[PDB]
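File shown: entry24.txt. Contents: compact mmCIF, C-alpha atoms and all ligand atoms.
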# COMPACT_ATOMS: atom_id res chain seq x y z
CA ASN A 1 89.79 96.47 153.30
CA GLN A 2 87.80 97.87 156.22
CA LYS A 3 90.00 95.68 158.45
CA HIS A 4 93.28 96.63 156.75
CA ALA A 5 92.84 100.22 157.93
CA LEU A 6 91.89 98.94 161.40
CA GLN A 7 95.25 97.16 161.76
CA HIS A 8 70.00 96.00 149.89
CA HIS A 9 69.70 96.39 146.11
CA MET A 10 69.07 92.65 145.79
CA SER A 11 66.76 91.34 143.10
CA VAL A 12 63.61 89.38 143.88
CA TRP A 13 65.51 86.16 143.18
CA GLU A 14 68.31 87.11 145.59
CA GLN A 15 65.93 88.10 148.40
CA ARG A 16 63.75 85.01 148.04
CA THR A 17 66.71 82.63 147.78
CA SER A 18 68.43 84.18 150.81
CA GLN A 19 65.23 83.94 152.86
CA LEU A 20 64.65 80.36 151.68
CA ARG A 21 68.08 79.34 153.02
CA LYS A 22 67.87 80.76 156.56
CA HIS A 23 64.47 79.06 156.95
CA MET A 24 65.76 75.66 155.80
CA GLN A 25 68.20 74.56 158.52
CA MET A 26 65.73 75.01 161.40
CA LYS B 1 116.85 89.10 196.04
CA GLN B 2 120.15 88.74 194.17
CA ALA B 3 119.26 85.39 192.58
CA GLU B 4 118.02 87.17 189.44
CA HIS B 5 118.07 90.95 190.11
CA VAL B 6 116.27 91.95 186.92
CA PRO B 7 117.55 95.43 185.96
CA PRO B 8 114.96 98.19 185.45
CA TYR B 9 117.02 99.75 182.65
CA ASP B 10 118.55 97.66 179.86
CA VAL B 11 120.84 98.98 177.14
CA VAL B 12 118.99 98.80 173.81
CA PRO B 13 119.95 99.91 170.28
CA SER B 14 119.05 103.44 169.25
CA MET B 15 117.03 102.19 166.27
CA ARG B 16 115.10 98.92 166.23
CA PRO B 17 116.64 96.46 163.74
CA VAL B 18 114.44 94.55 161.31
CA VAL B 19 113.68 90.83 161.65
CA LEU B 20 111.17 88.89 159.53
CA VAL B 21 109.77 85.60 160.83
CA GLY B 22 107.58 83.01 159.16
CA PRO B 23 105.96 81.22 157.52
CA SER B 24 108.17 78.19 158.36
CA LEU B 25 111.78 77.24 159.06
CA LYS B 26 114.21 79.67 157.47
CA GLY B 27 116.98 78.49 155.18
CA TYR B 28 114.72 76.53 152.81
CA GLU B 29 113.84 77.39 149.22
CA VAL B 30 110.24 78.38 149.96
CA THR B 31 110.92 80.51 153.04
CA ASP B 32 114.05 82.19 151.68
CA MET B 33 112.14 83.18 148.54
CA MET B 34 109.01 84.16 150.48
CA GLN B 35 110.87 86.51 152.84
CA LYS B 36 113.38 87.89 150.32
CA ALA B 37 110.79 89.79 148.26
CA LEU B 38 110.20 92.17 151.19
CA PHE B 39 113.85 93.24 151.41
CA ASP B 40 114.05 94.40 147.79
CA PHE B 41 111.26 96.91 148.41
CA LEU B 42 113.14 98.21 151.46
CA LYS B 43 116.30 98.78 149.40
CA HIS B 44 114.47 100.56 146.57
CA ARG B 45 112.05 102.59 148.70
CA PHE B 46 114.58 103.62 151.37
CA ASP B 47 117.69 103.81 149.17
CA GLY B 48 120.38 105.90 150.83
CA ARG B 49 118.64 105.54 154.21
CA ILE B 50 118.78 101.78 154.98
CA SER B 51 121.64 99.42 155.84
CA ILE B 52 121.36 95.79 154.71
CA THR B 53 123.28 93.06 156.53
CA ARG B 54 123.12 89.26 156.74
CA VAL B 55 124.19 87.30 159.83
CA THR B 56 124.77 83.54 159.66
CA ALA B 57 125.44 82.71 163.32
CA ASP B 58 122.81 81.85 165.91
CA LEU B 59 121.18 84.63 167.93
CA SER B 60 118.62 82.94 170.20
CA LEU B 61 121.26 82.57 172.96
CA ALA B 62 121.85 86.34 173.23
CA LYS B 63 121.67 86.57 177.02
CA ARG B 64 122.90 89.17 179.50
CA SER B 65 123.54 87.29 182.79
CA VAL B 66 125.55 84.26 181.68
CA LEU B 67 128.88 84.91 183.43
CA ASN B 68 131.45 87.61 184.08
CA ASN B 69 133.47 86.59 181.00
CA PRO B 70 132.46 83.35 179.23
CA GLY B 71 135.39 82.47 176.98
CA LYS B 72 137.57 85.57 177.27
CA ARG B 73 140.62 84.02 175.57
CA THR B 74 141.05 81.22 173.04
CA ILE B 75 144.46 80.19 174.43
CA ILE B 76 143.17 78.84 177.76
CA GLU B 77 141.63 75.90 175.83
CA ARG B 78 138.50 76.00 177.99
CA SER B 79 135.03 74.74 177.02
CA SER B 80 133.98 78.07 175.49
CA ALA B 81 137.32 78.62 173.72
CA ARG B 82 136.43 76.07 171.02
CA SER B 83 132.68 76.78 171.19
CA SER B 84 130.63 79.14 169.02
CA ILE B 85 129.85 81.62 171.81
CA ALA B 86 133.03 83.62 171.10
CA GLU B 87 131.89 84.87 167.69
CA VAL B 88 128.22 85.23 168.69
CA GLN B 89 129.08 87.35 171.74
CA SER B 90 131.34 89.52 169.57
CA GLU B 91 128.68 90.28 166.94
CA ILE B 92 126.06 91.56 169.41
CA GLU B 93 128.12 94.75 169.66
CA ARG B 94 128.17 94.95 165.85
CA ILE B 95 124.39 95.36 165.68
CA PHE B 96 124.44 97.77 168.64
CA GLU B 97 126.83 100.16 166.89
CA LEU B 98 125.06 99.86 163.52
CA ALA B 99 121.80 101.09 165.05
CA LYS B 100 123.72 103.72 167.04
CA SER B 101 124.25 105.55 163.72
CA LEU B 102 120.53 106.50 163.84
CA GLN B 103 119.91 104.42 160.71
CA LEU B 104 117.78 101.33 160.16
CA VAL B 105 119.47 97.94 159.91
CA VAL B 106 117.90 94.75 158.55
CA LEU B 107 118.72 91.35 160.04
CA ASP B 108 118.82 88.21 157.90
CA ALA B 109 119.62 85.45 160.39
CA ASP B 110 118.93 81.82 159.49
CA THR B 111 118.10 80.76 163.06
CA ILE B 112 115.02 82.78 164.13
CA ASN B 113 111.70 80.96 163.80
CA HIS B 114 109.60 82.23 166.74
CA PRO B 115 109.36 85.48 168.74
CA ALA B 116 109.75 83.49 171.96
CA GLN B 117 113.37 82.78 170.98
CA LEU B 118 114.00 86.55 170.70
CA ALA B 119 112.15 87.51 173.89
CA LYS B 120 115.35 87.48 176.01
CA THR B 121 117.67 89.60 173.84
CA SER B 122 118.64 93.21 174.52
CA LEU B 123 118.81 93.90 170.77
CA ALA B 124 115.04 93.36 170.45
CA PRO B 125 114.32 94.24 166.80
CA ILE B 126 110.94 94.60 165.07
CA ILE B 127 109.08 91.33 164.65
CA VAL B 128 107.18 91.22 161.35
CA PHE B 129 105.14 88.13 160.51
CA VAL B 130 104.23 87.05 156.98
CA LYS B 131 101.51 84.41 157.28
CA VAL B 132 98.97 82.73 155.02
CA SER B 133 95.32 82.88 156.02
CA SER B 134 94.83 79.13 155.58
CA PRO B 135 97.11 76.08 155.83
CA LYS B 136 95.64 74.56 152.65
CA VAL B 137 97.64 76.87 150.38
CA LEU B 138 100.99 75.92 151.95
CA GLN B 139 101.08 72.33 150.68
CA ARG B 140 99.90 73.39 147.22
CA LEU B 141 102.54 76.14 147.21
CA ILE B 142 105.18 73.59 148.27
CA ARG B 143 104.18 71.25 145.43
CA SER B 144 105.10 73.88 142.82
CA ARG B 145 108.54 74.44 144.38
CA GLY B 146 110.08 71.12 143.35
CA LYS B 147 110.79 67.54 144.33
CA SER B 148 113.38 68.45 146.98
CA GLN B 149 110.92 70.66 148.89
CA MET B 150 108.28 67.91 149.01
CA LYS B 151 110.77 65.69 150.87
CA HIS B 152 111.08 68.27 153.67
CA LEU B 153 107.38 69.22 153.61
CA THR B 154 106.79 67.28 156.85
CA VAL B 155 109.15 69.56 158.78
CA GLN B 156 108.05 72.59 156.73
CA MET B 157 104.47 72.23 157.97
CA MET B 158 105.69 71.48 161.51
CA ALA B 159 106.62 75.10 162.22
CA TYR B 160 103.65 76.64 160.41
CA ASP B 161 101.11 75.32 162.91
CA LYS B 162 103.44 76.05 165.84
CA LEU B 163 104.11 79.61 164.67
CA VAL B 164 100.35 80.17 164.40
CA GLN B 165 99.93 79.47 168.13
CA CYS B 166 101.97 82.59 168.90
CA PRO B 167 99.96 85.59 170.06
CA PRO B 168 99.70 88.16 167.30
CA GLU B 169 100.36 90.57 170.13
CA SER B 170 103.79 89.01 170.41
CA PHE B 171 104.53 90.07 166.83
CA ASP B 172 105.13 93.79 166.43
CA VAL B 173 103.20 94.05 163.14
CA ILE B 174 101.38 91.61 160.85
CA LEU B 175 101.29 91.21 157.06
CA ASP B 176 98.23 89.13 156.17
CA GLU B 177 98.02 90.65 152.68
CA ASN B 178 98.74 88.58 149.58
CA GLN B 179 99.85 91.08 146.90
CA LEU B 180 102.87 93.31 146.34
CA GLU B 181 101.63 96.91 146.50
CA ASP B 182 99.37 96.51 149.54
CA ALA B 183 102.11 94.77 151.52
CA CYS B 184 104.75 97.24 150.31
CA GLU B 185 102.59 100.23 151.24
CA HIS B 186 101.62 98.69 154.59
CA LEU B 187 105.25 98.07 155.56
CA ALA B 188 106.49 101.44 154.28
CA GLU B 189 103.75 103.40 156.05
CA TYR B 190 104.62 101.92 159.45
CA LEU B 191 108.34 102.58 159.03
CA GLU B 192 107.96 106.04 157.45
CA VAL B 193 105.89 107.12 160.46
CA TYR B 194 108.39 105.31 162.69
CA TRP B 195 111.24 107.11 160.90
CA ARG B 196 109.64 110.47 161.67
CA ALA B 197 108.87 109.21 165.18
CA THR B 198 112.61 109.09 165.96
CA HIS B 199 113.26 112.65 164.72
CA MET C 1 76.98 69.20 106.62
CA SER C 2 74.20 68.60 109.16
CA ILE C 3 76.87 68.55 111.88
CA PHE C 4 77.20 72.32 111.54
CA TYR C 5 73.48 72.91 112.07
CA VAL C 6 73.26 70.46 114.98
CA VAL C 7 76.16 72.18 116.74
CA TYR C 8 74.65 75.60 115.99
CA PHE C 9 71.29 74.55 117.44
CA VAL C 10 72.92 73.04 120.53
CA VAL C 11 74.85 76.26 121.12
CA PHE C 12 72.77 79.30 120.25
CA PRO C 13 68.99 78.59 120.51
CA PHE C 14 69.35 75.88 123.18
CA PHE C 15 72.03 77.39 125.44
CA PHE C 16 72.54 81.12 124.84
CA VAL C 17 68.82 81.97 124.71
CA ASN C 18 68.25 80.14 127.99
CA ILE C 19 71.28 82.01 129.35
CA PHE C 20 69.55 85.29 128.48
CA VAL C 21 66.30 84.11 130.08
CA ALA C 22 68.06 82.95 133.26
CA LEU C 23 70.08 86.17 133.54
CA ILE C 24 66.91 88.25 133.21
CA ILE C 25 65.17 86.03 135.77
CA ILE C 26 67.86 86.14 138.46
CA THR C 27 68.60 89.89 138.16
CA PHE C 28 65.08 91.35 138.15
CA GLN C 29 64.82 94.42 140.37
CA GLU C 30 61.49 95.03 142.08
CA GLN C 31 59.51 97.75 140.32
CA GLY C 32 56.53 98.54 142.55
CA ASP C 33 58.43 99.12 145.80
CA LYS C 34 61.80 100.61 144.78
CA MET C 35 62.55 100.85 148.51
CA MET C 36 65.39 99.69 150.75
CA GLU C 37 63.89 99.17 154.23
CA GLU C 38 60.22 98.40 153.60
CA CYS C 39 60.09 95.91 156.48
CA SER C 40 63.80 95.09 156.98
CA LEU C 41 62.83 91.80 158.66
CA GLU C 42 60.80 89.93 156.04
CA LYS C 43 59.17 90.35 152.65
CA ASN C 44 56.32 87.84 152.23
CA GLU C 45 54.62 88.13 155.63
CA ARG C 46 53.84 91.82 155.01
CA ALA C 47 50.69 90.72 153.19
CA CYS C 48 50.08 88.12 155.90
CA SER D 1 50.71 79.10 123.71
CA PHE D 2 52.01 82.27 125.40
CA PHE D 3 50.20 81.86 128.73
CA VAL D 4 51.22 78.21 129.05
CA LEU D 5 54.83 79.09 128.24
CA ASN D 6 54.76 81.81 130.91
CA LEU D 7 53.34 79.39 133.48
CA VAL D 8 55.92 76.72 132.59
CA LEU D 9 58.77 79.21 132.90
CA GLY D 10 57.49 80.49 136.24
CA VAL D 11 56.98 77.02 137.72
CA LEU D 12 60.38 75.83 136.49
CA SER D 13 62.19 78.90 137.84
CA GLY D 14 60.47 78.55 141.21
CA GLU D 15 61.38 74.87 141.40
CA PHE D 16 65.00 75.62 140.48
CA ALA D 17 65.21 78.30 143.18
CA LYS D 18 63.66 75.94 145.74
CA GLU D 19 65.94 73.02 144.83
CA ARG D 20 69.12 75.11 144.79
CA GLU D 21 68.86 75.36 148.60
CA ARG D 22 68.89 71.62 149.32
CA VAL D 23 71.56 70.33 151.69
CA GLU D 24 73.55 68.48 149.01
CA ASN D 25 73.46 71.45 146.63
CA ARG D 26 74.55 73.80 149.41
CA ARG D 27 77.42 71.46 150.29
CA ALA D 28 78.56 71.29 146.66
CA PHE D 29 78.39 75.07 146.29
CA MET D 30 80.34 75.56 149.53
CA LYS D 31 83.00 73.16 148.23
CA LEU D 32 83.22 75.15 144.99
CA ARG D 33 83.38 78.44 146.91
CA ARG D 34 86.20 77.22 149.15
CA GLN D 35 88.09 75.92 146.11
CA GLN D 36 87.73 79.32 144.44
CA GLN D 37 88.79 81.18 147.60
CA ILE D 38 91.88 78.99 148.01
CA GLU D 39 92.79 79.53 144.36
CA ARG D 40 92.29 83.30 144.67
CA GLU D 41 94.52 83.48 147.74
CA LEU D 42 97.15 81.23 146.12
CA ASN D 43 97.33 83.30 142.92
CA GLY D 44 98.30 86.46 144.80
CA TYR D 45 101.16 84.76 146.62
CA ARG D 46 102.64 83.47 143.35
CA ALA D 47 103.33 87.08 142.32
CA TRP D 48 105.73 87.40 145.27
CA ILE D 49 107.78 84.40 144.12
CA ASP D 50 108.22 85.70 140.57
CA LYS D 51 108.84 89.31 141.62
CA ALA D 52 111.54 88.21 144.07
CA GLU D 53 113.05 85.80 141.53
CA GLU D 54 113.30 88.51 138.87
CA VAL D 55 115.09 90.90 141.23
CA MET D 56 117.80 88.50 142.45
CA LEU D 57 118.74 87.47 138.91
CA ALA D 58 118.77 91.15 137.92
CA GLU D 59 121.12 91.92 140.82
CA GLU D 60 122.91 88.53 140.43
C1 LIG A 201 83.58 77.35 121.02
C2 LIG A 201 82.86 77.35 119.67
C3 LIG A 201 83.18 78.63 118.90
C4 LIG A 201 83.22 76.10 118.88
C5 LIG A 201 82.57 76.00 117.50
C6 LIG A 201 82.82 74.66 116.83
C7 LIG A 201 82.12 74.47 115.47
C8 LIG A 201 82.13 75.79 114.71
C9 LIG A 201 82.76 73.30 114.71
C10 LIG A 201 82.89 72.05 115.63
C11 LIG A 201 82.55 70.81 114.78
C12 LIG A 201 82.70 71.34 113.36
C13 LIG A 201 82.21 70.48 112.21
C14 LIG A 201 82.84 69.09 112.27
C15 LIG A 201 82.73 68.35 110.99
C16 LIG A 201 82.39 68.88 109.81
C17 LIG A 201 82.35 68.03 108.57
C18 LIG A 201 83.24 68.59 107.48
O1 LIG A 201 83.17 67.83 106.29
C19 LIG A 201 82.82 70.01 107.17
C20 LIG A 201 82.91 70.88 108.42
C21 LIG A 201 82.10 70.36 109.63
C22 LIG A 201 80.60 70.54 109.37
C23 LIG A 201 82.56 71.16 110.88
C24 LIG A 201 82.08 72.62 110.88
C25 LIG A 201 82.52 73.42 112.10
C26 LIG A 201 82.11 72.76 113.41
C27 LIG A 201 80.58 72.74 113.56

Represent the structure contained in this file as structure tokens.
Ligand SMILES: CC(C)CCC[C@@H](C)[C@H]1CC[C@H]2[C@@H]3CC=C4C[C@@H](O)CC[C@]4(C)[C@H]3CC[C@]12C
Amino acid sequence: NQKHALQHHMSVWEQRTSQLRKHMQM
Amino acid sequence: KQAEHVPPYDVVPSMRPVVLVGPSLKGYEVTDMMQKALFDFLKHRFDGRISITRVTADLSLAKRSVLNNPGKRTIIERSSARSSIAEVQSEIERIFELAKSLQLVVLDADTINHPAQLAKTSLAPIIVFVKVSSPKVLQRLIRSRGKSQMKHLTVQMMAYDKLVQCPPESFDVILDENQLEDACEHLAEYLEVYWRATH
Amino acid sequence: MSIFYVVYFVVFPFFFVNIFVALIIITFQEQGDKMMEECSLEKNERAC
Amino acid sequence: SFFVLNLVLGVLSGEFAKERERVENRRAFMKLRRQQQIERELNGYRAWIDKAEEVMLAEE
């Protein structure tokens, strides 16, 4: 929608799972 | 420098006609149905202000420096007398006068499949592209059409990839939306501002 | 008639209750901080 | 009873969170996400086909 015109309340689980993913590929 | 002598000023219609290209070869069940839904909104939204016409002949060969008079008469029995250039060359004035009335005209040819084929025509309408974000939905959409469409799926997908390679820039406007109202509003907004841009 | 009770036990106390527990677990907002940009780069190393 | 149940729940939830980020699980979830995205984009286009089809029959 922000492109059609052109032309952090996460829970503890969400934060920890997002951080666990970016530190897994390495 | 008379080999080409490209003119600086070329006669163009007063109002840009409307051409819709994509997502594959025209004249098939999927592409005729895909493109037809857009016209009905134009008729209902711009009723009393839009002219709707369908042309069956080819238009990619609409050139300006072919000859002094290619096929002037059909009684000379020349090469162009029996050819299809006589009717095609006659109808290019038909679109010119229709747009001269300061009213929009839609074009429904069954021969346009790429903006590069309409890059050498003095008519030069508005190129609007209806495209799917991914190729994976095309084959699944073809499967629901019927058994006849699956037989021509090989050629149906042939143009989809090729038409993707065309610079978006080449297209005048894009319609990457997937619903009715957003696409209808997006198309109407451009033309409504364009309608007030000519007056 | 023990089919009814087996199906009931498989559905409600074995599946729905664990659904409630999982939903509470995965949607637990932090209470002590209640802040948006505490470190904005990490969360665990703040103690470290 | 209560403390052991709390510890079991915590350990199990932590292990589930840790194991949800394995490579195979991530691949399966990405496959499911792409399937759902394709279906979502395909459903919107089907409205065009029916809306057009209704109009032409109405205008014969
Ligand atoms: C999606 C949810 C709501 C499905 C619920 C299905 C439940 C209610 C159904 C599925 C199997 C069913 C049972 C199958 C067999 C029998 C034996 C028969 O002599 C009496 C009914 C009884 C005991 C049925 C009671 C209703 C039952 C337990």

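Within 8 Å of stretch 47-50 of chain B, once only C-alpha atoms are used and residues closer than 6 positions along the same chain are dropped, the contacting residues are residues 103, 104, 105 and 106 of chain B.
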
Please report as a Markdown table every residue of chain C lying within 6 Å of chain A, along with the nearest atom pair and their distance in Å (one decimal), using all atoms listed in the file.
| residue | atom | partner | partner_atom | distance |
| --- | --- | --- | --- | --- |
| C:26 | CA | A:13 | CA | 5.3 |
| C:27 | CA | A:11 | CA | 5.5 |
| C:28 | CA | A:11 | CA | 5.2 |
| C:29 | CA | A:11 | CA | 4.6 |
| C:36 | CA | A:8 | CA | 6.0 |

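Restricting the atom set to all atoms listed in the file, one finds that the residues within 10 Å of ligand LIG 201 (chain A) amount to residues 1, 2, 3, 4, 5, 6, 7, 8 and 11 of chain C.
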
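Distances from D:59, D:22, D:2, D:10 to chain C were compared using all atoms listed in the file, and the smallest one belongs to D:10.
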
(request) Excluding residue D:50 and any residue of its chain fewer than 5 positions from it, enumerate the residues within 10 Å of it, using only C-alpha atoms, and give them as a ChimeraX atom specification. (result) /B:33,37 /D:45,55

Write the residues of the selection above to a file with C-alpha atoms, as a PDB file, in the frame of the given file.
ATOM      1  CA  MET B  33     112.140  83.180 148.540  1.00  0.00           C
ATOM      2  CA  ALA B  37     110.790  89.790 148.260  1.00  0.00           C
TER       3      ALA B  37
ATOM      4  CA  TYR D  45     101.160  84.760 146.620  1.00  0.00           C
ATOM      5  CA  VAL D  55     115.090  90.900 141.230  1.00  0.00           C
TER       6      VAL D  55
END

(request) Compile the contact shell of stretch 90-98 of chain B as number ranges by chain: residues with an atom at most 10 Å away, counting all atoms listed in the file, same-chain residues fewer than 2 positions apart removed. (result) B: 11-17, 51, 53, 55, 57, 59, 62, 85-88, 100-107, 121-123

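Atom CA of residue B:32 is found 14.7 Å from atom CA of residue B:160.
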
Hey, can I get the axis-aligned box for stretch 12-20 of chain A? All listed atoms, 6 Å padding on each side, centre and edge lengths in Å to one decimal, as AutoDock Vina command-line options.
--center_x 66.0 --center_y 84.9 --center_z 148.0 --size_x 16.8 --size_y 21.0 --size_z 21.7

(request) Considering only C-alpha atoms, state which residue in the set B:141, B:197, B:67, B:52 is at the smallest distance from residue D:44. (result) B:141

(request) Using only C-alpha atoms, find which residues of chain B lie within 12 Å of chain A and jot them down as an MDAnalysis selection string. (result) chainID B and resid 168:169 172:177 182:183 185:187 189:190

(message) Neighbouring residues of residue C:22 were defined as those with any atom within 12 Å, considering only C-alpha atoms; residues of the same chain fewer than 3 positions away were excluded. Please report them as a list in words.
(response) residues 13 of chain A; 15, 16, 17, 18, 19, 25, 26, 27 and 28 of chain C; 9, 10, 12, 13, 14, 16 and 17 of chain D

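Minimum atom-to-atom distances from D:4, D:47, D:24, D:60 to residue B:34 were compared using all atoms listed in the file, and the lowest value belongs to D:47.
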
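Here atom CA of residue D:25 stands at a distance of 26.9 Å from atom CA of residue D:43.
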
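Near residue B:115, within 9 Å and counting only C-alpha atoms, sit residues 21, 127, 163, 166, 170 and 171 of chain B, not including residues fewer than 6 positions from it in the same chain.
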
Dump of C-alpha atoms for the selected residues, as a CSV table (one decimal), in the coordinates of the input:
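Output below, filename again06.csv:
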chain,number,residue,atom,x,y,z
B,21,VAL,CA,109.8,85.6,160.8
B,127,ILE,CA,109.1,91.3,164.6
B,163,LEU,CA,104.1,79.6,164.7
B,166,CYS,CA,102.0,82.6,168.9
B,170,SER,CA,103.8,89.0,170.4
B,171,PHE,CA,104.5,90.1,166.8

(request) Check every residue of chain D for an atom within 12 Å of chain B, counting all atoms listed in the file, and provide those that qualify as number ranges by chain. (result) D: 34-56, 58-59

(message) Nearest residue to chain D out of C:24, C:30, C:41, C:48, using all atoms listed in the file?
(response) C:24

(message) Under the rule that all atoms listed in the file are counted, which of D:6, D:57, D:30, D:1 is the nearest residue to chain C?
(response) D:6

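One distance worth recording is that between atom CA of residue B:125 and atom CA of residue B:108, which is 11.7 Å.
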